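Notes follow the structure.
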Amino acid sequence: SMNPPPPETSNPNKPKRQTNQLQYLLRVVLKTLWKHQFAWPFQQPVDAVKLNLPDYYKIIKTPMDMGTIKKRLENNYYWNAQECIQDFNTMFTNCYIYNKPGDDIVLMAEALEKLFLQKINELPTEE
Ligand SMILES: Cc1cnc(Nc2ccc(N3CCN(C)CC3)c(F)c2)nc1Nc1ccc(Cl)c(NS(=O)(=O)C(C)(C)C)c1
């Protein structure tokens with residue numbers, strides 16, 4: 001029933017970079033999704049205690065959320081764009097794994113994912 005610690009957002013020994021693609025992922029992709037009317041359920045780790053979902057972290061073994069992504073981007077935690085893109089995809093996929101088609105939370109994820117895909121279609125070439 002208990003919540004796990006959140007995903008790591010700081011690790012001094014992890015090699016990391018700031019690339020133009022990672023800057024786009026913060027300034028365009030994260031910013032666009034974060035301001036969306038459906039962002040709020042995804043802006044922090046799921047509190048499975050307060051939502052009374054004792055099975056949540058028993059089923060979702062690789063949790064991810066945009067609060068964590070935002071911190072990772074702000075801290076320049078990533079090595080490359082694909083690592084960050086993977087975090088977004090994990091977040092969406094986790095939603096579809098845990099919930100049912102047509103559930104409000106799924107509709108919310110689908111709207112965010114549509115925008116995500118539109119923005120990453122225009123990811124700049126690495127300079
Ligand atoms: C990211 C994420 C992924 N998956 C889920 N699943 C989920 C499934 C069932 C429920 N409940 C169904 C109704 N019960 C009375 C309480 C439990 C739930 F709260 C969440 N939750 C997520 N975040 C999240 C964050 C905060 C809120 Cl308040 C919501 N609630 S909600 O999904 O019902 C909605 C956003 C539509 C109000 C979800």
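Simple scheme: letters A, B, ... for chains in structure tokens order, numbers from 1 for residues in each chain, numbers from 1 for ligands in the order shown.
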
Tell me which protein, DNA and RNA residues are within 10 Å of stretch 110-115 of chain A, counting only C-alpha atoms, leaving out same-chain ones fewer than 4 positions away, and put them as a PDB file with C-alpha atoms, in the first residue's frame.
ATOM      1  CA  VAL A  29       7.992  19.584 -25.253  1.00  0.00           C
ATOM      2  CA  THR A  32       3.769  22.497 -23.845  1.00  0.00           C
ATOM      3  CA  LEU A  33       2.541  19.440 -21.959  1.00  0.00           C
ATOM      4  CA  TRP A  34       2.948  20.985 -18.511  1.00  0.00           C
ATOM      5  CA  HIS A  36      -2.113  21.708 -20.730  1.00  0.00           C
ATOM      6  CA  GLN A  37      -5.475  21.458 -18.903  1.00  0.00           C
ATOM      7  CA  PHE A  38      -4.990  17.691 -18.545  1.00  0.00           C
ATOM      8  CA  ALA A  39      -1.395  17.851 -17.206  1.00  0.00           C
ATOM      9  CA  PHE A  42       0.924  13.648 -14.447  1.00  0.00           C
ATOM     10  CA  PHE A  88       7.698  10.349 -21.552  1.00  0.00           C
ATOM     11  CA  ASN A  89       6.828   7.069 -23.276  1.00  0.00           C
ATOM     12  CA  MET A  91       4.725   7.634 -18.439  1.00  0.00           C
ATOM     13  CA  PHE A  92       2.136   7.190 -21.186  1.00  0.00           C
ATOM     14  CA  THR A  93       2.510   3.409 -21.406  1.00  0.00           C
ATOM     15  CA  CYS A  95      -1.128   4.911 -17.858  1.00  0.00           C
ATOM     16  CA  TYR A  96      -2.462   2.548 -20.515  1.00  0.00           C
ATOM     17  CA  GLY A 102     -11.873   5.271 -22.310  1.00  0.00           C
ATOM     18  CA  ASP A 104     -10.824   9.754 -18.031  1.00  0.00           C
ATOM     19  CA  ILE A 105      -7.160   9.332 -17.088  1.00  0.00           C
ATOM     20  CA  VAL A 106      -6.526   7.519 -20.385  1.00  0.00           C
ATOM     21  CA  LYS A 119       6.447  18.130 -30.917  1.00  0.00           C
ATOM     22  CA  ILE A 120       8.969  15.310 -31.183  1.00  0.00           C
ATOM     23  CA  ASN A 121       8.216  15.038 -34.916  1.00  0.00           C
TER      24      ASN A 121
END

Can you write out as JSON lines which residues of chain A fall within 9 Å of ligand 1, alongside each residue's closest atom pair and its distance in Å to one decimal, counting only C-alpha atoms and all ligand atoms and ordering rows by chain and ascending residue number?
{"residue": "A:38", "atom": "CA", "partner": "ligand 1", "partner_atom_place_in_ligand_line": "35 (C)", "distance": 8.0}
{"residue": "A:40", "atom": "CA", "partner": "ligand 1", "partner_atom_place_in_ligand_line": "25 (C)", "distance": 7.3}
{"residue": "A:41", "atom": "CA", "partner": "ligand 1", "partner_atom_place_in_ligand_line": "25 (C)", "distance": 3.8}
{"residue": "A:42", "atom": "CA", "partner": "ligand 1", "partner_atom_place_in_ligand_line": "1 (C)", "distance": 4.9}
{"residue": "A:43", "atom": "CA", "partner": "ligand 1", "partner_atom_place_in_ligand_line": "1 (C)", "distance": 8.3}
{"residue": "A:44", "atom": "CA", "partner": "ligand 1", "partner_atom_place_in_ligand_line": "25 (C)", "distance": 8.2}
{"residue": "A:45", "atom": "CA", "partner": "ligand 1", "partner_atom_place_in_ligand_line": "1 (C)", "distance": 7.5}
{"residue": "A:46", "atom": "CA", "partner": "ligand 1", "partner_atom_place_in_ligand_line": "23 (N)", "distance": 5.6}
{"residue": "A:47", "atom": "CA", "partner": "ligand 1", "partner_atom_place_in_ligand_line": "25 (C)", "distance": 7.3}
{"residue": "A:48", "atom": "CA", "partner": "ligand 1", "partner_atom_place_in_ligand_line": "19 (F)", "distance": 8.1}
{"residue": "A:50", "atom": "CA", "partner": "ligand 1", "partner_atom_place_in_ligand_line": "19 (F)", "distance": 8.5}
{"residue": "A:51", "atom": "CA", "partner": "ligand 1", "partner_atom_place_in_ligand_line": "19 (F)", "distance": 4.9}
{"residue": "A:52", "atom": "CA", "partner": "ligand 1", "partner_atom_place_in_ligand_line": "17 (C)", "distance": 6.0}
{"residue": "A:53", "atom": "CA", "partner": "ligand 1", "partner_atom_place_in_ligand_line": "17 (C)", "distance": 6.4}
{"residue": "A:56", "atom": "CA", "partner": "ligand 1", "partner_atom_place_in_ligand_line": "6 (N)", "distance": 8.1}
{"residue": "A:64", "atom": "CA", "partner": "ligand 1", "partner_atom_place_in_ligand_line": "1 (C)", "distance": 8.5}
{"residue": "A:65", "atom": "CA", "partner": "ligand 1", "partner_atom_place_in_ligand_line": "1 (C)", "distance": 7.1}
{"residue": "A:91", "atom": "CA", "partner": "ligand 1", "partner_atom_place_in_ligand_line": "1 (C)", "distance": 7.6}
{"residue": "A:92", "atom": "CA", "partner": "ligand 1", "partner_atom_place_in_ligand_line": "1 (C)", "distance": 8.3}
{"residue": "A:94", "atom": "CA", "partner": "ligand 1", "partner_atom_place_in_ligand_line": "3 (C)", "distance": 7.1}
{"residue": "A:95", "atom": "CA", "partner": "ligand 1", "partner_atom_place_in_ligand_line": "3 (C)", "distance": 4.7}
{"residue": "A:96", "atom": "CA", "partner": "ligand 1", "partner_atom_place_in_ligand_line": "4 (N)", "distance": 8.0}
{"residue": "A:97", "atom": "CA", "partner": "ligand 1", "partner_atom_place_in_ligand_line": "4 (N)", "distance": 8.8}
{"residue": "A:98", "atom": "CA", "partner": "ligand 1", "partner_atom_place_in_ligand_line": "4 (N)", "distance": 6.2}
{"residue": "A:99", "atom": "CA", "partner": "ligand 1", "partner_atom_place_in_ligand_line": "6 (N)", "distance": 5.9}
{"residue": "A:100", "atom": "CA", "partner": "ligand 1", "partner_atom_place_in_ligand_line": "8 (C)", "distance": 8.7}
{"residue": "A:103", "atom": "CA", "partner": "ligand 1", "partner_atom_place_in_ligand_line": "36 (C)", "distance": 7.2}
{"residue": "A:104", "atom": "CA", "partner": "ligand 1", "partner_atom_place_in_ligand_line": "36 (C)", "distance": 4.5}
{"residue": "A:105", "atom": "CA", "partner": "ligand 1", "partner_atom_place_in_ligand_line": "32 (O)", "distance": 4.4}
{"residue": "A:106", "atom": "CA", "partner": "ligand 1", "partner_atom_place_in_ligand_line": "4 (N)", "distance": 7.7}
{"residue": "A:107", "atom": "CA", "partner": "ligand 1", "partner_atom_place_in_ligand_line": "36 (C)", "distance": 8.6}
{"residue": "A:108", "atom": "CA", "partner": "ligand 1", "partner_atom_place_in_ligand_line": "35 (C)", "distance": 7.6}
{"residue": "A:109", "atom": "CA", "partner": "ligand 1", "partner_atom_place_in_ligand_line": "1 (C)", "distance": 8.1}

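Taking atom CA of residue A:68 and atom CA of residue A:118 as the two end points, the separation is 21.6 Å.
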
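Closest to residue A:15 among A:82, A:101, A:1, A:76 is A:76, based on only C-alpha atoms.
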
Quick check for you: according to DSSP on this backbone, which residues of chain A are classed as helix (DSSP H, G or I)? Reply as a PyMOL selection string. chain A and resi 20-34+40-42+56-59+66-74+81-98+104-120

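Our summary of the geometry notes that atom CA of residue A:63 is positioned 9.6 Å from atom CA of residue A:4.
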
Contacts of residue A:24 at 12 Å or less, counting only C-alpha atoms, minus same-chain residues fewer than 2 places along, as a PyMOL selection string? chain A and resi 18-22+26-32+73+80-81+84-85+116+119-126

Put those residues in a file: N, CA and C atoms, as a PDB file, in the first residue's frame.
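Listing of part-v8.pdb after writing:
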ATOM      1  N   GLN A  18      24.145  18.818 -21.955  1.00  0.00           N
ATOM      2  CA  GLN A  18      23.115  19.698 -22.445  1.00  0.00           C
ATOM      3  C   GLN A  18      23.323  19.731 -23.949  1.00  0.00           C
ATOM      4  N   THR A  19      22.344  19.205 -24.674  1.00  0.00           N
ATOM      5  CA  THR A  19      22.341  19.233 -26.136  1.00  0.00           C
ATOM      6  C   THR A  19      21.182  20.100 -26.624  1.00  0.00           C
ATOM      7  N   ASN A  20      21.235  20.537 -27.877  1.00  0.00           N
ATOM      8  CA  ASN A  20      20.149  21.356 -28.406  1.00  0.00           C
ATOM      9  C   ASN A  20      18.839  20.576 -28.415  1.00  0.00           C
ATOM     10  N   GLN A  21      18.918  19.263 -28.593  1.00  0.00           N
ATOM     11  CA  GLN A  21      17.717  18.437 -28.537  1.00  0.00           C
ATOM     12  C   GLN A  21      17.131  18.400 -27.127  1.00  0.00           C
ATOM     13  N   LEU A  22      17.987  18.270 -26.118  1.00  0.00           N
ATOM     14  CA  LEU A  22      17.519  18.272 -24.740  1.00  0.00           C
ATOM     15  C   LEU A  22      16.948  19.638 -24.356  1.00  0.00           C
ATOM     16  N   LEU A  26      12.969  20.476 -23.078  1.00  0.00           N
ATOM     17  CA  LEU A  26      12.519  21.309 -21.973  1.00  0.00           C
ATOM     18  C   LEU A  26      11.668  22.491 -22.434  1.00  0.00           C
ATOM     19  N   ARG A  27      12.207  23.284 -23.354  1.00  0.00           N
ATOM     20  CA  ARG A  27      11.605  24.559 -23.710  1.00  0.00           C
ATOM     21  C   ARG A  27      10.340  24.434 -24.539  1.00  0.00           C
ATOM     22  N   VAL A  28      10.249  23.363 -25.329  1.00  0.00           N
ATOM     23  CA  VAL A  28       9.076  23.115 -26.168  1.00  0.00           C
ATOM     24  C   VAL A  28       8.240  21.953 -25.631  1.00  0.00           C
ATOM     25  N   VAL A  29       8.820  20.766 -25.494  1.00  0.00           N
ATOM     26  CA  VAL A  29       7.992  19.584 -25.253  1.00  0.00           C
ATOM     27  C   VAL A  29       7.429  19.594 -23.833  1.00  0.00           C
ATOM     28  N   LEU A  30       8.301  19.653 -22.829  1.00  0.00           N
ATOM     29  CA  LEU A  30       7.830  19.670 -21.444  1.00  0.00           C
ATOM     30  C   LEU A  30       6.931  20.877 -21.180  1.00  0.00           C
ATOM     31  N   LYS A  31       7.362  22.055 -21.614  1.00  0.00           N
ATOM     32  CA  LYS A  31       6.583  23.269 -21.385  1.00  0.00           C
ATOM     33  C   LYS A  31       5.169  23.169 -21.972  1.00  0.00           C
ATOM     34  N   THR A  32       5.057  22.633 -23.190  1.00  0.00           N
ATOM     35  CA  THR A  32       3.769  22.497 -23.845  1.00  0.00           C
ATOM     36  C   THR A  32       2.862  21.555 -23.067  1.00  0.00           C
ATOM     37  N   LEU A  73      15.296  17.432 -16.479  1.00  0.00           N
ATOM     38  CA  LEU A  73      15.694  18.409 -17.490  1.00  0.00           C
ATOM     39  C   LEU A  73      16.324  19.649 -16.867  1.00  0.00           C
ATOM     40  N   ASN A  80      21.236  12.053 -23.387  1.00  0.00           N
ATOM     41  CA  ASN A  80      20.739  12.323 -24.721  1.00  0.00           C
ATOM     42  C   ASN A  80      19.225  12.459 -24.731  1.00  0.00           C
ATOM     43  N   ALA A  81      18.703  12.897 -25.863  1.00  0.00           N
ATOM     44  CA  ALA A  81      17.285  13.101 -26.022  1.00  0.00           C
ATOM     45  C   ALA A  81      16.507  11.807 -25.880  1.00  0.00           C
ATOM     46  N   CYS A  84      15.286  10.954 -22.440  1.00  0.00           N
ATOM     47  CA  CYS A  84      14.168  11.754 -21.986  1.00  0.00           C
ATOM     48  C   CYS A  84      12.881  11.329 -22.692  1.00  0.00           C
ATOM     49  N   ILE A  85      12.948  11.127 -24.007  1.00  0.00           N
ATOM     50  CA  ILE A  85      11.806  10.622 -24.765  1.00  0.00           C
ATOM     51  C   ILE A  85      11.294   9.301 -24.177  1.00  0.00           C
ATOM     52  N   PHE A 116       2.703  15.496 -27.559  1.00  0.00           N
ATOM     53  CA  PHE A 116       4.073  15.008 -27.454  1.00  0.00           C
ATOM     54  C   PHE A 116       4.590  14.539 -28.810  1.00  0.00           C
ATOM     55  N   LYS A 119       5.238  17.357 -31.218  1.00  0.00           N
ATOM     56  CA  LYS A 119       6.447  18.130 -30.917  1.00  0.00           C
ATOM     57  C   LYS A 119       7.711  17.337 -31.224  1.00  0.00           C
ATOM     58  N   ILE A 120       7.736  16.045 -30.920  1.00  0.00           N
ATOM     59  CA  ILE A 120       8.969  15.310 -31.183  1.00  0.00           C
ATOM     60  C   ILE A 120       9.154  15.044 -32.683  1.00  0.00           C
ATOM     61  N   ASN A 121       8.083  15.112 -33.465  1.00  0.00           N
ATOM     62  CA  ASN A 121       8.216  15.038 -34.916  1.00  0.00           C
ATOM     63  C   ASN A 121       9.082  16.173 -35.452  1.00  0.00           C
ATOM     64  N   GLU A 122       9.167  17.260 -34.690  1.00  0.00           N
ATOM     65  CA  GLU A 122       9.966  18.418 -35.078  1.00  0.00           C
ATOM     66  C   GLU A 122      11.201  18.618 -34.213  1.00  0.00           C
ATOM     67  N   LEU A 123      11.655  17.549 -33.568  1.00  0.00           N
ATOM     68  CA  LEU A 123      12.916  17.576 -32.831  1.00  0.00           C
ATOM     69  C   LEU A 123      14.032  18.027 -33.768  1.00  0.00           C
ATOM     70  N   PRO A 124      14.826  19.027 -33.359  1.00  0.00           N
ATOM     71  CA  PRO A 124      15.877  19.496 -34.268  1.00  0.00           C
ATOM     72  C   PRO A 124      16.995  18.477 -34.423  1.00  0.00           C
ATOM     73  N   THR A 125      17.732  18.542 -35.526  1.00  0.00           N
ATOM     74  CA  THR A 125      18.882  17.667 -35.687  1.00  0.00           C
ATOM     75  C   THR A 125      19.933  18.104 -34.678  1.00  0.00           C
ATOM     76  N   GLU A 126      20.648  17.141 -34.110  1.00  0.00           N
ATOM     77  CA  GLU A 126      21.631  17.448 -33.083  1.00  0.00           C
ATOM     78  C   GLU A 126      22.751  18.260 -33.712  1.00  0.00           C
TER      79      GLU A 126
END

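For the pair atom CA of residue A:11 and atom CA of residue A:35, the separation is 27.5 Å.
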
Extract, using only C-alpha atoms, all DNA, RNA and protein residues at most 12 Å from residue A:12, discarding same-chain residues fewer than 5 positions from it, and format them as a ChimeraX atom specification. /A:75-78

Smallest atom-to-atom distance to residue A:117: which of A:57, A:71, A:25, A:49, using only C-alpha atoms? A:25
